[PDB]
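Structure file final-v5.cif with mmCIF, C-alpha atoms:
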data_coords
#
loop_
_atom_site.group_PDB
_atom_site.id
_atom_site.type_symbol
_atom_site.label_atom_id
_atom_site.label_comp_id
_atom_site.auth_asym_id
_atom_site.auth_seq_id
_atom_site.Cartn_x
_atom_site.Cartn_y
_atom_site.Cartn_z
ATOM 1 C CA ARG A 44 106.042 92.643 59.673
ATOM 2 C CA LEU A 45 103.778 93.964 62.403
ATOM 3 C CA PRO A 46 103.779 92.326 65.820
ATOM 4 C CA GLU A 47 100.934 89.811 65.821
ATOM 5 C CA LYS A 48 98.410 89.416 68.587
ATOM 6 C CA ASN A 49 95.472 86.960 68.804
ATOM 7 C CA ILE A 50 92.082 87.159 70.364
ATOM 8 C CA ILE A 51 90.151 83.926 70.802
ATOM 9 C CA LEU A 52 86.596 85.193 70.944
ATOM 10 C CA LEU A 53 84.120 82.870 72.628
ATOM 11 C CA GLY A 54 80.333 83.093 72.669
ATOM 12 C CA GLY A 55 77.963 85.857 71.695
ATOM 13 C CA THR A 56 75.884 85.996 68.506
ATOM 14 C CA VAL A 57 76.581 87.043 64.971
ATOM 15 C CA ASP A 58 75.587 90.655 65.725
ATOM 16 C CA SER A 59 77.189 90.874 69.204
ATOM 17 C CA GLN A 60 80.496 89.648 67.870
ATOM 18 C CA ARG A 61 80.406 92.325 65.214
ATOM 19 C CA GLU A 62 79.445 94.862 67.927
ATOM 20 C CA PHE A 63 82.405 93.591 69.986
ATOM 21 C CA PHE A 64 84.684 94.125 66.986
ATOM 22 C CA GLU A 65 83.458 97.718 66.457
ATOM 23 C CA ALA A 66 83.667 98.549 70.164
ATOM 24 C CA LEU A 67 87.189 97.116 70.227
ATOM 25 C CA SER A 68 88.554 98.670 67.066
ATOM 26 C CA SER A 69 86.488 101.801 66.402
ATOM 27 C CA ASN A 70 88.946 104.603 67.282
ATOM 28 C CA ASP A 71 92.375 103.088 67.044
ATOM 29 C CA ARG A 72 92.084 100.970 63.886
ATOM 30 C CA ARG A 73 93.561 101.656 60.422
ATOM 31 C CA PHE A 89 85.357 73.286 59.043
ATOM 32 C CA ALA A 90 86.865 76.567 60.349
ATOM 33 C CA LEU A 91 86.795 79.284 63.022
ATOM 34 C CA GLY A 92 85.548 82.733 62.076
ATOM 35 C CA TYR A 93 88.436 85.054 61.282
ATOM 36 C CA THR A 94 89.162 88.701 61.054
ATOM 37 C CA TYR A 95 91.792 91.222 61.978
ATOM 38 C CA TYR A 96 92.705 94.841 62.327
ATOM 39 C CA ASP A 97 95.782 97.004 62.748
ATOM 40 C CA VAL A 98 95.878 98.927 66.057
ATOM 41 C CA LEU A 99 97.024 102.565 66.047
ATOM 42 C CA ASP A 100 98.678 104.388 68.951
ATOM 43 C CA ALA A 101 96.923 107.055 71.000
ATOM 44 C CA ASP A 102 97.448 109.821 68.446
ATOM 45 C CA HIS A 103 95.830 107.690 65.740
ATOM 46 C CA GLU A 104 99.066 107.873 63.674
ATOM 47 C CA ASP A 105 101.481 104.937 64.004
ATOM 48 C CA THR A 106 100.503 101.276 63.830
ATOM 49 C CA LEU A 107 101.477 99.236 66.911
ATOM 50 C CA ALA A 108 100.223 95.714 66.197
ATOM 51 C CA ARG A 109 98.000 93.489 64.066
ATOM 52 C CA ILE A 110 95.275 91.773 66.030
ATOM 53 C CA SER A 111 93.853 88.559 64.627
ATOM 54 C CA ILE A 112 90.491 87.449 65.982
ATOM 55 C CA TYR A 113 89.358 83.798 65.910
ATOM 56 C CA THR A 114 85.708 83.275 66.741
ATOM 57 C CA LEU A 115 83.780 80.365 68.164
ATOM 58 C CA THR A 116 80.165 81.159 68.927
ATOM 59 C CA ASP A 117 79.151 77.814 70.491
ATOM 60 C CA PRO A 118 81.007 75.629 72.939
ATOM 61 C CA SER A 119 81.566 72.786 70.470
ATOM 62 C CA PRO A 120 84.375 70.324 71.266
ATOM 63 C CA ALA A 121 84.775 69.683 67.547
ATOM 64 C CA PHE A 122 85.500 73.282 66.588
ATOM 65 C CA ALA A 123 87.436 73.901 69.829
ATOM 66 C CA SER A 124 89.996 71.402 68.476
ATOM 67 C CA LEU A 125 90.667 73.938 65.663
ATOM 68 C CA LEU A 126 92.340 76.118 68.308
ATOM 69 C CA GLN A 127 95.264 73.689 68.609
ATOM 70 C CA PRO A 128 97.118 74.912 65.508
ATOM 71 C CA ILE A 129 96.548 78.551 66.504
ATOM 72 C CA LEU A 130 98.222 78.092 69.927
ATOM 73 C CA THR A 131 101.975 77.622 69.376
ATOM 74 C CA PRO A 132 104.992 78.560 71.519
ATOM 75 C CA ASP A 133 105.316 81.784 69.499
ATOM 76 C CA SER A 134 101.620 82.751 69.582
ATOM 77 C CA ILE A 135 100.805 81.737 73.142
ATOM 78 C CA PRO A 136 102.460 84.774 74.838
ATOM 79 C CA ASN A 137 100.498 86.984 72.390
ATOM 80 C CA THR A 138 97.032 85.568 72.914
ATOM 81 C CA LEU A 139 94.011 86.659 74.927
ATOM 82 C CA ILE A 140 90.821 84.688 75.598
ATOM 83 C CA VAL A 141 87.674 86.796 75.428
ATOM 84 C CA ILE A 142 84.300 85.464 76.543
ATOM 85 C CA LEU A 143 81.138 87.317 75.496
ATOM 86 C CA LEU A 144 78.230 87.227 77.955
ATOM 87 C CA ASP A 145 74.883 88.957 77.457
ATOM 88 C CA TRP A 146 72.988 91.200 79.950
ATOM 89 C CA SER A 147 69.720 89.953 78.436
ATOM 90 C CA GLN A 148 70.276 86.632 80.285
ATOM 91 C CA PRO A 149 72.563 87.087 83.381
ATOM 92 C CA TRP A 150 70.969 84.061 85.071
ATOM 93 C CA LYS A 151 72.887 81.932 82.487
ATOM 94 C CA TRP A 152 76.301 83.479 83.105
ATOM 95 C CA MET A 153 77.930 81.243 85.684
ATOM 96 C CA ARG A 154 76.937 78.027 83.836
ATOM 97 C CA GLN A 155 78.051 79.465 80.482
ATOM 98 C CA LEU A 156 81.351 80.538 81.981
ATOM 99 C CA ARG A 157 81.976 77.133 83.515
ATOM 100 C CA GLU A 158 81.257 75.452 80.157
ATOM 101 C CA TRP A 159 83.703 77.667 78.238
ATOM 102 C CA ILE A 160 86.453 77.196 80.791
ATOM 103 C CA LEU A 161 86.075 73.419 80.838
ATOM 104 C CA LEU A 162 86.052 73.461 77.020
ATOM 105 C CA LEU A 163 89.146 75.668 76.899
ATOM 106 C CA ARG A 164 91.003 73.527 79.444
ATOM 107 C CA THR A 165 90.380 70.538 77.223
ATOM 108 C CA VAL A 166 92.173 72.234 74.362
ATOM 109 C CA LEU A 167 95.041 73.558 76.475
ATOM 110 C CA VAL A 168 95.926 70.235 78.173
ATOM 111 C CA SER A 169 96.191 68.716 74.716
ATOM 112 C CA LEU A 170 98.982 71.017 73.491
ATOM 113 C CA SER A 171 102.638 69.981 73.267
ATOM 114 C CA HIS A 172 104.958 70.056 76.250
ATOM 115 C CA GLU A 173 106.676 73.141 74.812
ATOM 116 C CA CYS A 174 103.274 74.893 74.550
ATOM 117 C CA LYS A 175 102.541 74.066 78.172
ATOM 118 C CA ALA A 176 105.955 75.298 79.333
ATOM 119 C CA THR A 177 105.253 78.488 77.467
ATOM 120 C CA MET A 178 101.841 78.814 79.164
ATOM 121 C CA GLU A 179 103.521 78.383 82.567
ATOM 122 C CA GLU A 180 105.933 81.178 81.682
ATOM 123 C CA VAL A 181 102.989 83.359 80.630
ATOM 124 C CA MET A 182 101.145 82.678 83.871
ATOM 125 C CA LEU A 183 104.267 83.423 85.958
ATOM 126 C CA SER A 184 104.798 86.778 84.207
ATOM 127 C CA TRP A 185 101.113 87.753 84.624
ATOM 128 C CA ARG A 186 101.349 87.585 88.401
ATOM 129 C CA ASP A 187 102.595 91.194 88.523
ATOM 130 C CA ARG A 188 101.250 92.765 85.336
ATOM 131 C CA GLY A 189 99.298 95.831 86.408
ATOM 132 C CA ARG A 190 99.626 94.943 90.130
ATOM 133 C CA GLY A 191 101.020 98.345 91.229
ATOM 134 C CA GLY A 192 104.619 97.201 91.747
ATOM 135 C CA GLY A 193 107.211 97.333 88.964
ATOM 136 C CA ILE A 194 105.157 96.033 85.990
ATOM 137 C CA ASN A 195 102.514 97.778 83.926
ATOM 138 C CA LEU A 196 99.394 96.010 82.783
ATOM 139 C CA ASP A 197 100.804 96.021 79.237
ATOM 140 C CA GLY A 198 103.899 94.148 80.362
ATOM 141 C CA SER A 199 106.318 97.118 80.177
ATOM 142 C CA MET A 200 108.523 97.981 83.202
ATOM 143 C CA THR A 201 108.585 101.106 85.380
ATOM 144 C CA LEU A 211 103.447 91.920 98.449
ATOM 145 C CA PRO A 212 102.276 88.256 98.425
ATOM 146 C CA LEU A 213 98.950 87.225 96.846
ATOM 147 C CA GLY A 214 95.637 87.505 98.647
ATOM 148 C CA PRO A 215 93.276 84.537 98.880
ATOM 149 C CA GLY A 216 91.663 83.317 95.674
ATOM 150 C CA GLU A 217 94.020 85.293 93.396
ATOM 151 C CA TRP A 218 95.492 83.177 90.595
ATOM 152 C CA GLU A 219 94.560 79.912 92.374
ATOM 153 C CA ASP A 220 93.372 78.771 88.958
ATOM 154 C CA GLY A 221 95.451 80.213 86.110
ATOM 155 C CA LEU A 222 94.233 78.886 82.815
ATOM 156 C CA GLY A 223 97.561 79.064 80.958
ATOM 157 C CA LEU A 224 96.294 82.089 79.001
ATOM 158 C CA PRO A 225 94.880 85.401 80.169
ATOM 159 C CA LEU A 226 91.080 85.829 80.091
ATOM 160 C CA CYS A 227 88.810 88.861 79.601
ATOM 161 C CA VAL A 228 85.054 88.590 80.168
ATOM 162 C CA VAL A 229 82.950 91.128 78.305
ATOM 163 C CA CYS A 230 79.326 91.452 79.354
ATOM 164 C CA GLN A 231 77.497 92.993 76.452
ATOM 165 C CA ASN A 232 74.236 94.919 76.070
ATOM 166 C CA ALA A 233 74.433 96.508 79.511
ATOM 167 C CA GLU A 234 71.536 98.760 78.548
ATOM 168 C CA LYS A 235 69.465 95.666 79.435
ATOM 169 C CA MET A 236 70.251 96.269 83.131
ATOM 170 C CA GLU A 237 67.793 99.138 82.972
ATOM 171 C CA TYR A 238 65.388 96.805 81.247
ATOM 172 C CA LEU A 239 65.591 94.316 84.147
ATOM 173 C CA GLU A 240 65.088 97.097 86.672
ATOM 174 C CA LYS A 241 61.907 98.333 84.998
ATOM 175 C CA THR A 242 60.251 95.088 83.813
ATOM 176 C CA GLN A 243 61.583 92.421 86.204
ATOM 177 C CA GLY A 244 61.822 94.442 89.413
ATOM 178 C CA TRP A 245 65.608 94.128 89.781
ATOM 179 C CA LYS A 246 67.079 96.328 92.523
ATOM 180 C CA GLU A 247 70.567 97.881 92.637
ATOM 181 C CA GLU A 248 71.660 95.249 95.115
ATOM 182 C CA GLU A 249 70.837 92.382 92.684
ATOM 183 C CA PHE A 250 73.182 93.825 90.061
ATOM 184 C CA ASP A 251 75.811 94.087 92.778
ATOM 185 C CA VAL A 252 75.399 90.405 93.772
ATOM 186 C CA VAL A 253 75.913 89.350 90.159
ATOM 187 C CA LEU A 254 79.028 91.465 90.247
ATOM 188 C CA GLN A 255 80.274 89.921 93.498
ATOM 189 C CA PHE A 256 79.770 86.397 92.050
ATOM 190 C CA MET A 257 81.554 87.259 88.778
ATOM 191 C CA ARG A 258 84.466 89.060 90.470
ATOM 192 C CA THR A 259 85.031 86.128 92.806
ATOM 193 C CA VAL A 260 85.316 83.333 90.236
ATOM 194 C CA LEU A 261 87.240 85.506 87.715
ATOM 195 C CA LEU A 262 89.747 86.461 90.418
ATOM 196 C CA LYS A 263 90.870 82.827 90.456
ATOM 197 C CA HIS A 264 91.874 83.086 86.786
ATOM 198 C CA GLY A 265 93.503 86.491 87.116
ATOM 199 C CA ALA A 266 90.790 87.599 84.682
ATOM 200 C CA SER A 267 89.319 90.986 83.779
ATOM 201 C CA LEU A 268 85.632 91.976 83.638
ATOM 202 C CA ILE A 269 83.998 94.771 81.680
ATOM 203 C CA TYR A 270 80.459 95.771 80.794
ATOM 204 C CA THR A 271 79.710 97.392 77.464
ATOM 205 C CA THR A 272 76.762 98.985 75.689
ATOM 206 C CA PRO A 273 76.527 99.251 71.868
ATOM 207 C CA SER A 274 77.656 102.707 70.694
ATOM 208 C CA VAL A 275 78.688 103.856 74.231
ATOM 209 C CA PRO A 276 82.429 104.522 74.426
ATOM 210 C CA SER A 277 84.265 102.372 77.017
ATOM 211 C CA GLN A 278 87.687 101.285 78.219
ATOM 212 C CA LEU A 279 87.397 98.089 76.173
ATOM 213 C CA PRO A 280 90.153 99.046 73.639
ATOM 214 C CA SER A 281 92.615 100.047 76.407
ATOM 215 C CA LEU A 282 91.887 96.894 78.457
ATOM 216 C CA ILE A 283 92.147 94.473 75.523
ATOM 217 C CA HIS A 284 95.173 96.142 73.979
ATOM 218 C CA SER A 285 97.036 96.286 77.321
ATOM 219 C CA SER A 286 96.113 92.678 78.088
ATOM 220 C CA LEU A 287 97.548 91.720 74.660
ATOM 221 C CA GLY A 288 100.843 93.356 75.640
ATOM 222 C CA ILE A 289 100.480 96.245 73.201
ATOM 223 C CA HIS A 290 102.610 99.105 74.532
ATOM 224 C CA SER A 291 101.724 102.681 73.733
ATOM 225 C CA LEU A 292 104.717 104.955 72.966
ATOM 226 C CA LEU A 293 102.622 108.028 73.866
ATOM 227 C CA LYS A 294 100.075 107.255 76.633
ATOM 228 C CA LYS A 295 100.789 106.448 80.262
ATOM 229 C CA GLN A 296 97.249 106.851 81.685
ATOM 230 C CA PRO A 297 96.330 103.567 83.395
ATOM 231 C CA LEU A 298 92.939 101.834 83.123
ATOM 232 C CA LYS A 299 90.193 103.320 85.309
ATOM 233 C CA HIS A 300 88.605 100.602 87.481
ATOM 234 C CA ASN A 301 84.949 100.900 88.437
ATOM 235 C CA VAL A 302 82.680 98.668 90.511
ATOM 236 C CA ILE A 303 80.081 101.294 91.492
ATOM 237 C CA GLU A 304 78.384 102.758 88.390
ATOM 238 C CA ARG A 305 76.514 99.592 87.587
ATOM 239 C CA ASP A 306 76.443 99.481 83.779
ATOM 240 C CA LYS A 307 80.064 100.636 83.303
ATOM 241 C CA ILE A 308 81.907 98.022 85.308
ATOM 242 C CA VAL A 309 85.637 97.754 84.645
ATOM 243 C CA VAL A 310 87.717 95.261 86.638
ATOM 244 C CA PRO A 311 91.286 95.068 85.295
ATOM 245 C CA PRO A 312 93.565 92.135 86.118
ATOM 246 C CA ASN A 313 95.585 92.144 89.331
ATOM 247 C CA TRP A 314 93.434 94.894 90.891
ATOM 248 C CA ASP A 315 90.635 93.016 92.698
ATOM 249 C CA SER A 316 90.757 91.082 95.967
ATOM 250 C CA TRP A 317 88.425 89.379 98.412
ATOM 251 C CA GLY A 318 88.727 92.402 100.694
ATOM 252 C CA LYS A 319 87.329 94.574 97.918
ATOM 253 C CA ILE A 320 84.640 92.150 96.782
ATOM 254 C CA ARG A 321 83.332 91.612 100.320
ATOM 255 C CA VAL A 322 82.565 95.329 100.977
ATOM 256 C CA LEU A 323 80.490 95.978 97.852
ATOM 257 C CA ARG A 324 77.423 94.641 99.727
ATOM 258 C CA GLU A 325 77.073 92.744 102.963
ATOM 259 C CA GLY A 326 76.164 89.053 103.277
ATOM 260 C CA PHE A 327 78.404 87.695 100.526
ATOM 261 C CA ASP A 328 80.340 84.603 101.487
ATOM 262 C CA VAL A 329 83.270 85.152 99.140
ATOM 263 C CA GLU A 330 85.199 82.095 100.311
ATOM 264 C CA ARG A 331 82.204 79.789 99.907
ATOM 265 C CA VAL A 332 81.704 81.034 96.337
ATOM 266 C CA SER A 333 85.421 80.723 95.552
ATOM 267 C CA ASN A 334 85.464 77.104 96.827
ATOM 268 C CA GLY A 335 82.272 76.325 94.920
ATOM 269 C CA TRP A 336 84.147 77.297 91.730
ATOM 270 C CA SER A 337 86.777 74.674 92.542
ATOM 271 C CA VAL A 338 83.959 72.176 92.830
ATOM 272 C CA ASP A 339 82.566 73.332 89.446
ATOM 273 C CA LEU A 340 85.869 73.145 87.526
ATOM 274 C CA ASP A 341 86.969 69.798 88.958
ATOM 275 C CA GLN A 342 84.655 67.972 86.526
ATOM 276 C CA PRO A 343 85.028 66.094 83.198
ATOM 277 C CA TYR A 344 84.146 67.755 79.847
ATOM 278 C CA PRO A 345 81.625 67.285 78.491
ATOM 279 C CA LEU A 375 75.409 64.966 84.496
ATOM 280 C CA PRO A 376 74.064 66.508 87.778
ATOM 281 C CA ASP A 377 75.450 69.562 89.625
ATOM 282 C CA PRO A 378 77.962 68.655 92.383
ATOM 283 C CA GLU A 379 77.499 69.524 96.057
ATOM 284 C CA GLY A 380 78.804 73.026 96.824
ATOM 285 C CA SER A 381 78.642 74.183 93.201
ATOM 286 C CA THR A 382 78.926 77.911 92.639
ATOM 287 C CA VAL A 383 76.824 77.587 89.447
ATOM 288 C CA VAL A 384 74.015 76.390 91.785
ATOM 289 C CA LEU A 385 74.709 79.187 94.295
ATOM 290 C CA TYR A 386 74.603 81.725 91.462
ATOM 291 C CA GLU A 387 71.448 80.300 89.883
ATOM 292 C CA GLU A 388 69.653 80.297 93.238
ATOM 293 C CA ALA A 389 70.662 83.947 93.742
ATOM 294 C CA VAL A 390 70.051 85.144 90.172
ATOM 295 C CA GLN A 391 66.789 83.658 89.073
ATOM 296 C CA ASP A 392 65.511 83.190 85.546
ATOM 297 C CA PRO A 393 62.156 84.939 84.945
ATOM 298 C CA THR A 394 61.407 81.541 83.293
#
Show the structure stored in the file as structure tokens.
Amino acid sequence: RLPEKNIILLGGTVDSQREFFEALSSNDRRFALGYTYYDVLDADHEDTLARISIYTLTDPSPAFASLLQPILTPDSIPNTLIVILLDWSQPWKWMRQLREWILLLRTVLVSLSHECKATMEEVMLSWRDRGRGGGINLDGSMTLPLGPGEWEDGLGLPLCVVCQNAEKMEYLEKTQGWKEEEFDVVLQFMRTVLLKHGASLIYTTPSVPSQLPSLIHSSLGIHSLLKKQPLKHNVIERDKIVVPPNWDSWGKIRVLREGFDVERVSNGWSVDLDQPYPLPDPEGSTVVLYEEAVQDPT
């Protein structure tokens, strides 16, 4: 009888998915995809607001991706969030991993019924203003034209990217010589491509409290009857990044550090996503730009 919400959880490992689940549901909780769920409590830890179902796909398999079809119906689509897990142990892999998941996901979404696609268009239209500072809160409850890059590439569903094990940033600083400005460049690259999908970005560390529950629950359209504090965005304190939807812009991305060609990187992401799924990297690719900038210690 509870409102039902879905998370489609992509990537990670067995342990990092479980860590995601704990981080997500710690405070405010009471041939197949992995499955679990939990009941979300309101901010006083009393009343139950929604039941969140999580469907998990660790690897970008086309076979198992097909299992998403039955989960995405006209009724479920407006209640669904895509979450991609990335790992701070291997940030050099991020842009390529992200491209693969998005191409995979697109393959599923174009295959849904006309009614599903009409519903996804409705969802995308309504997301334009959610949490944008005008009339509409991030959670979809009520209270200027779009900058460049913003929502140029709506997926049909909202996306949240969660970069796990951020304690490994300190590891890269001390054993691989990474400087503050290298973490910032990663951030500029991620913010730029994700902006095109209207997507959020958040870094987490196991056992370190974060805004992950508030971000995910608000993105799922779960409306607190007690709390009106909005999300707190951060792009400065490097291991606690929080970039909520409809907050970022090229203007903001460009000032983090100098020398970042935001438009080139945004156009390179068009090059990357205009490709069949599932050999060589196309001219202008942002995966290539990223992988030149963020090198693998091989």
Under the rule of at most 6 Å, produce a per-residue listing of range 182-289 of chain A near range 296-312 of chain A: chain, number, name, the closest pair of atoms, and the distance in Å, as a Markdown table, using all atoms listed in the file.
| residue | atom | partner | partner_atom | distance |
| --- | --- | --- | --- | --- |
| A:233 | CA | A:306 | CA | 5.6 |
| A:265 | CA | A:312 | CA | 5.7 |
| A:266 | CA | A:312 | CA | 5.5 |
| A:267 | CA | A:311 | CA | 4.8 |
| A:268 | CA | A:310 | CA | 4.9 |
| A:269 | CA | A:309 | CA | 4.5 |
| A:270 | CA | A:308 | CA | 5.2 |
Against range 50-56 of chain A, which residues of range 133-192 of chain A fall within 8 Å? For each one I want the closest pair of atoms and the distance in Å (one decimal), counting only C-alpha atoms, rows by chain and increasing residue number, as a tab-separated table.
residue	atom	partner	partner_atom	distance
A:138	CA	A:50	CA	5.8
A:139	CA	A:50	CA	5.0
A:140	CA	A:51	CA	4.9
A:141	CA	A:52	CA	4.9
A:142	CA	A:53	CA	4.7
A:143	CA	A:54	CA	5.1
A:144	CA	A:55	CA	6.4
A:145	CA	A:55	CA	7.2
A:159	CA	A:53	CA	7.7
Would you please work out which residue, of A:393, A:136, A:345, A:380, is nearest to residue 223 in chain A when using only C-alpha atoms? A:136
Expected answer as a list in words: all residues with atoms within 12 Å of (84.4, 70.8, 67.9), only C-alpha atoms: residues 89, 90, 91, 115, 116, 117, 118, 119, 120, 121, 122, 123, 124, 125, 126, 127, 162, 163, 165, 166 and 345 of chain A
Report the distance between CA of residue 339 in chain A and CA of residue 224 in chain A in Å, rounded to one decimal place.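 Computed distance, CA of residue 339 in chain A to CA of residue 224 in chain A, equals 19.3 Å.
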Excluding range 195-219 of chain A and its own-chain neighbours fewer than 2 positions away, which residues fall within 8 Å of it when counting all atoms listed in the file? Please give them as a ChimeraX atom specification. /A:186,188-191,193,221,259,262-265,284-290,312,316-317,333
When you count all atoms listed in the file, which of these residues is closest to residue 384 in chain A: A:66, A:153, A:322, A:174?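 Nearest to residue 384 in chain A: A:153.
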Separation of CA of residue 68 in chain A and CA of residue 111 in chain A, in Å?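 Distance between the two atoms: 11.7 Å.
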What gap, in Å, lies between CA of residue 227 in chain A and CA of residue 325 in chain A?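 Taking CA of residue 227 in chain A as the start and CA of residue 325 in chain A as the end point, the length is 26.4 Å.
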Return the single residue from A:175, A:319, A:294, A:157 that is closest to residue 342 in chain A, with distances computed using only C-alpha atoms.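 Smallest separation from residue 342 in chain A among the options: A:157.
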Any idea what's packed within 12 Å of residue 238 in chain A, counting only C-alpha atoms, ignoring anything in its chain fewer than 4 positions away? Could you give it as an MDAnalysis selection string? chainID A and resid 146:148 232:234 242:246 306
Check the smallest atom-to-atom distance from each of A:164, A:250, A:240, A:156 to residue 336 in chain A using all atoms listed in the file, then report the winner.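 Smallest separation from residue 336 in chain A among the options: A:156.
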Among listed residues A:170, A:273, A:326, A:182, nearest residue 251 in chain A (using only C-alpha atoms):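 Smallest separation from residue 251 in chain A among the options: A:326.
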Residues within 8 Å of residue 67 in chain A, please, as number ranges by chain. Count only C-alpha atoms; anything in the same chain fewer than 5 positions from it doesn't count. A: 279-280, 283
